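Take a look at the structure tokens below, where one protein chain is shown in two forms, each on its own, as structure 1 and structure 2.
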Structure 1
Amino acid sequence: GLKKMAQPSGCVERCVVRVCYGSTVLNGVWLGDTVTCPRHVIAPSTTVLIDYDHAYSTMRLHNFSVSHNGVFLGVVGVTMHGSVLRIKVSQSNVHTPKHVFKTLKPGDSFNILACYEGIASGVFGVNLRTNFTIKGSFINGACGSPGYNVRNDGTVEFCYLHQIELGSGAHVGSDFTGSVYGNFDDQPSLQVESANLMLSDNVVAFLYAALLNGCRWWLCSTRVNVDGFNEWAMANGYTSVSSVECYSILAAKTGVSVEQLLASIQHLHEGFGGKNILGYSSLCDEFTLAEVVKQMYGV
């Protein structure tokens, strides 16, 4: 069985704060004596293009209010870095977890802690898609909601801060250095993301999960090698497959080769008509190899 799960949120919850500037409110992340939040918090109320360099030069520290669970923190200084602010506050978060900052790549899975007014309301796993957007569930006020991963040694990787929802409904964020994923503008615009490609590495993982569950009506005995599949993938809305050897644990157990699964993808590309694979009516790219392995075997 396959269930999308999030990693536990407790150590990240203790870092979420409410950041207010004037009347504008969003979420920030408090590590040590620094709060990171989207710079949208200092935007003037207007319908014209936002000049953030001008808003930054006219910023006054006393217009900020930063709080953790209703306890207000004193603001010492603020610098702007791409699409985020770094707010120095006058005391350190005594529950700062061991952490690093990591910039995601397309195909990476991570966890979103969806937050409103400095308070977490939900947690879910997501994948950064090839168009550098995610499909989240955010209502008004989710700006600044953090994305994270928890390494095996317990280190939190801070990798995402929610920035904006595009007209299409797709969600855009930045890393903690202020670079927006996909170079989208961090203010209202008419921007549209590129077409989403199916994540081939995840699809291969999904088909191995199907095999391990005894679902194999779809298996091809044809073989397509990596170079051939990657050329087909270009023309058919799929990514290249990154490598084959990482699947060897699943390959030995099944015992089906990655190249057989690549041929199976080409066979199943259009539809299942109208059978299903693990309940899905079309190929699923939601689950990574690491998830299939960890959910099947704890590794």
Structure 2
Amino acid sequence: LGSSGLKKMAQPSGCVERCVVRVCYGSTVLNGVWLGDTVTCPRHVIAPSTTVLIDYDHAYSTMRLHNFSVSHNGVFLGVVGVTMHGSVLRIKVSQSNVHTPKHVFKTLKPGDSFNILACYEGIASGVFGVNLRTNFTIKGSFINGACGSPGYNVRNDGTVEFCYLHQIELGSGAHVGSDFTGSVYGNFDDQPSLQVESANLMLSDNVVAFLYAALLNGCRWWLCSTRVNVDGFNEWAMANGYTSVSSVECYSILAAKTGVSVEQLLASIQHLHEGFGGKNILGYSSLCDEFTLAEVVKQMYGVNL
């Protein structure tokens, strides 16, 4: 009563699970995604070592097919051909995945939310939501053997957007993948090299949506009494680790239903930027940029986009 509750969720993993396969080359084992007659997986599966600079050219030319082993739930598929594209391999198999969902391939942009199906040994073990950050990394949860874990989005009509294959954990702990065309996000290298990412920026659009969710759930203590216009805030955001706000009218639905303007939520962001002190906001102890406007509206009112 007086709210619905804001909870971080992933979209259902079912249709993606039926595409996850166990891909083994030699003694190296990771995950692949099985669509049609093709299995896509990180190319470093054929690397004789993963803990040393890899000569991928040499790796592919000395590759032998009989060292490949592709299985789905322990049922082995027959490797027919292997081709290299960017940072991934496309493995042609005899059997075609009869559970291939209506799908497309999309490349994510900073600010996009998607879902991770964390897999090990070709078996999905966990599923969770993440945002592609401004520095083209994500804050996931992975350990050894996670690579090949698919990232995805499910459209309203049911089309699965495949957009991520886990590949790298940077020294900072930040995670990086490639799209299904081989492009490593943010132009990172699929090498165990020292790679540094840009400092992360707070997704200001998300924080605004979050604060609206907080209001719609009865949380009001943080509300600032002052207003700050869009240009005034963007000049502040560049200098305090926040993105620009785009674009004070997509929030017209929640501005209407709460009676609080975006400008009043922008001045609050400034004040709350410091910290929450002792207080709370919907269980979160600092400003939260994890939820998009779409996610919020979906959980509040049940509509999409």
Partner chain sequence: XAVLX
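Structure 1 provides the reference sequence; residues are numbered from 1 along it. What we label the rigid core is the largest C-alpha set whose atoms superpose within 1.5 Å from one form to the other.
- Only structure 2 is derived from the form solved in complex with its partner chain.
- The residue among 151, 86, 95, 216 whose Cα moves by 2 angstroms or more between structure 1 and structure 2, once the core is superposed, is 216.
- Annotation: Cα of residue 25 displaced by less than 2 Å between structure 1 and structure 2, core superposition.
- Once both forms are fitted on their core, a CA shift of 2 Å or more is seen for residue 225 between structure 1 and structure 2.
- After superposing the rigid core, the Cα of residue 10 is displaced by less than 2 Å between structure 1 and structure 2.
- Once the two forms are overlaid on the core, residue 244 shows a Cα shift of 2.1 Å between structure 1 and structure 2.
- Core superposition places the C-alpha of residue 47 4.8 Å apart between structure 1 and structure 2.
- Superposed on the rigid core, the forms differ at residue 35: its CA is offset by 0.1 Å between structure 1 and structure 2.
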